[PDB]
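Look below for two forms of one protein chain, each set out as structure tokens: first structure 1, then structure 2.
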Structure 1
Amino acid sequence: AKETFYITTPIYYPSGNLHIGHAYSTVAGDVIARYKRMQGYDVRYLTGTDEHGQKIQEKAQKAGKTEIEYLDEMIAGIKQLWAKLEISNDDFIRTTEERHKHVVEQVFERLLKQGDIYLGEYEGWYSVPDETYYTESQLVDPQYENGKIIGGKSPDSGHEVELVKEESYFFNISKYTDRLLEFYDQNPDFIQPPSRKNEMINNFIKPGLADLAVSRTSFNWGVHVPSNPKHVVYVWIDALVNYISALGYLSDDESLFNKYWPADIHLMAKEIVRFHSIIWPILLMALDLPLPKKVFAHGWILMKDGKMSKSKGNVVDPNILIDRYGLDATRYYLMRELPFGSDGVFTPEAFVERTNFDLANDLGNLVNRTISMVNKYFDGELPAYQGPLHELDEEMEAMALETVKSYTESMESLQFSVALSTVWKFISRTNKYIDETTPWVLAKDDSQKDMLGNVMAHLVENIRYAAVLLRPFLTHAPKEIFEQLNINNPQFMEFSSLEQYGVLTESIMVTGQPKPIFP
């Protein structure tokens, strides 16, 4: 077998308007997926949607549609974005799918039988419009009476909160506390970034874990608890098991599950990392199922006003960006501007600057300079590579291998903006190499055609290296670079083709008519 690799994005909630940060997750998952497939893994890459709850019932009803009708339309639009981003997801899990709903049912009923889930009462500070409960310390403008909390406001919307008591099934999770802590100890790389682990052991595990209310009686649109249909499965169990339902767990064909579980990486935004680090492995322990090998939270893409939403007036539509500026530009900015363990920022100015200077100038003009010259000096015939003939070739070819080495180390540690900048260090140095070798000077001396060709050989081989490294990130530039150069063998486009510098042992006819990589 190709060794398997299973990567996931969270399931998105179909409110209707998607930012660059929802886009960030799918694009990054895609970079990981494309990269793993290039390394020879049997990849499965999952995304999908969280389709249940009170808020969808309401959305549907305002739009004047049934839930499904409303849902199908939100999802058509979601899947359209991911097609337009060229997300290489192998499947798309909808929580409204029988395959998912059947898992939810069975999972719930089993934890009931085991005695992990019990009937009690939830009490909390509820916000009607937010469809969300808040802790006393999360309240804004709290109201006190003789030292006791009596009311306050939602920190999201600022609507008044109201104390609600309600009947809930509860999943007893603190019973798995010491196992979880042992699982963290035996799996040190589990939580990425790892600085995220202690804040969580501190803030959430050691206080320690409260029983989790996992159903409600207050909505209809959702998976009903079979032994008790008045109760509907709340977000925790419904959303998490997306990752195992998509694989045919507990169906009649569990081959995908047997093949791909456990996941190698759950990728997520930081707001739900706690849920995937604590609740999720505990639920898996309760099901006697293997735990995922890694969970990775990325930061947010912020503005100058500051975090991104419909409300502040700071929403950026990935869609218009692809249209305005091109696909490769958009994918590039997102991956290039979000460091591991940090938030990033969208400025229209920063965007155009990164697209112009990195992509169009550094890369695009290296390619056009190089073809122009092969066409001026050799009428389109690129002399086959020979060896490191020029004083600078030996350390430049070393730099090419060092580029690939340092890129791979960044790709494995999830440090994408660093893998990209490393490639661009090599990009720039290849541009420097034209200035250094001044081919036009060589071109005037007939006894220098060998060296001229050596210089050209290097430039192209340097371009080819950068195109291969960029393939997980950019779905257009690399292919269009290989065509322009008339590198037409699929093998010369793979990672293995980078182990030894100078791979074009025969003459090739670069394009007569080179156009911009980035228009």
Structure 2
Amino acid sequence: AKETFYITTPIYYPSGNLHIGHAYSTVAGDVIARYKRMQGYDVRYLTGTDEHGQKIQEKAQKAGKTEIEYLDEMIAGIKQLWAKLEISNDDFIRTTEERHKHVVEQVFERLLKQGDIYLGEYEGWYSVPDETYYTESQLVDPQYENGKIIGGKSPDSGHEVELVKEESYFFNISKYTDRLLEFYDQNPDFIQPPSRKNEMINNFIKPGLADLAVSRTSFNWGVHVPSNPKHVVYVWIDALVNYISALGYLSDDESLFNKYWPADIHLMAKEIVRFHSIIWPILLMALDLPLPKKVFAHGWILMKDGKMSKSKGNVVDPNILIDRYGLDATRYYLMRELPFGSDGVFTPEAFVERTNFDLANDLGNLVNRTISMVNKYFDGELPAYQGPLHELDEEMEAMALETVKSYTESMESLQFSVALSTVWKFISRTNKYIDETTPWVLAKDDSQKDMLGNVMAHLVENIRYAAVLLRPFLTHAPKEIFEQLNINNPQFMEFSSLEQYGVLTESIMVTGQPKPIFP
């Protein structure tokens, strides 16, 4: 059978609208999923929403809605967005779904029964502004009273923190320290880029791991602990187990779980890598479950001030971009302009340039010039490929194959912007091939009709290569290109058809009414 490949996004918190930062992760995951499907994997791609907690209670109440009314509306918007982006997710996990809650309940109860979790008191320091709790250890201007240790202000804002003490269950994660370090050693590529890992061990594991406060008593919107129902499961166990609950772990049908777990890649931005690289594998060990193969953290989309986030008032709505500039444009920009192991600032200027120059101009004009010439010189009848008949053809055919090879290396290493620039070098060279061969000159000489046909055949085959290579990235352009070229054989749309240049062995009638590929 096809090897399985399981990839996930984080589960986003719908306390406000999603922005291009969220779209970035989901489009990236989509490209990987689509690429892997084309490579012959049995793929499952998951995304979803983290729905519990006090903030959701608050948002719902201020809106005059129940928690579930509020959430249903938010999730409808999110699902619409992924539909609009043509995301190929196989499922969408909501933490309010029973399939999820049941796992949260069972995992918590199991860890209690095992003795990994025990009752105590959480002690933290809350800043209203930052919606963030801090430890005593990380407060700025720490105030003391004997002890103490009695107050201070946030390292982010400088706002005055307030003491929170409440009963909480603790997970003794430090027991697993040695096993976790052994795991890192056995799996050197578990944390990508490698930069992220060395921050993990130094900043967090060395001291190291404090018991993890895994429940709270101070809010009701969440999964209640069956054996102690005044406790609600806090974020750690609730949100993390989505990756296995969605697969029907501990349900009456665990077949997806038995197939796809462990995840091949968990994708995210850097601020949650620690949760996925430390807490998550430790929870899995406590559950005697295999660990994920790779945690991949991409960079941040920034604005002038700086990381894009709702609280900063600096967001760009992916709906607005898609509506104004088109889907291919929006997806192309996200994957080409930034990318993974780098942070990058969004600007509208860079967006329109990136997409006008590369898509409409380079690729769009290439396709339209080619089809126009086939209609003009051959009345629509594209001559079959024969061989490298022009003096430029041998080297260009070589370039086609090298393009595929380089592309593949880049895709395997998740360097999508490099993969894209490599495709564009080939698109650009194909436009140059028109300039160099001067088809119009060949069209004046009846003895050159065979050569003219050859030039046309090379243009179309080059275009076909680009189209196939772009299938993971662009969901509109490739299909449209095949349609206008009237390439119907589904095999000619797949990676295997790029192994030997010159696949088109029959005459084809291209469209007599070519129209712009973009937007």
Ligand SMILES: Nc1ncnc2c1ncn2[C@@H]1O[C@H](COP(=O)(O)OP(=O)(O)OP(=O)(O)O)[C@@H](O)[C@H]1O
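Rigid core here is just the name for the largest C-alpha set that superposes within 1.5 Å across the two forms. FYI, numbering is relative to structure 1, first residue = 1.
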Chain form deposited with the ligand bound, by structure number: 2
Which residue in 217, 143, 368, 413 stands out, with a C-alpha shift of 2 Å or more between structure 1 and structure 2 when both forms are set on the rigid core? 143
Superposing on the rigid core, is the CA of residue 159 displaced by 2 Å or more between structure 1 and structure 2? yes
Spell out whether the Cα of residue 310 moves at least 2 Å between structure 1 and structure 2 when the two forms are superposed on their rigid core. yes
Using the rigid core as the reference frame, would you say residue 290 shifts its C-alpha by 2 Å or more between structure 1 and structure 2? no
With both forms fitted on the core, how large is the C-alpha shift of residue 177 between structure 1 and structure 2 in Å? 1.0
Report, in Å with one decimal, the C-alpha displacement of residue 345 between structure 1 and structure 2 after core superposition. 2.1
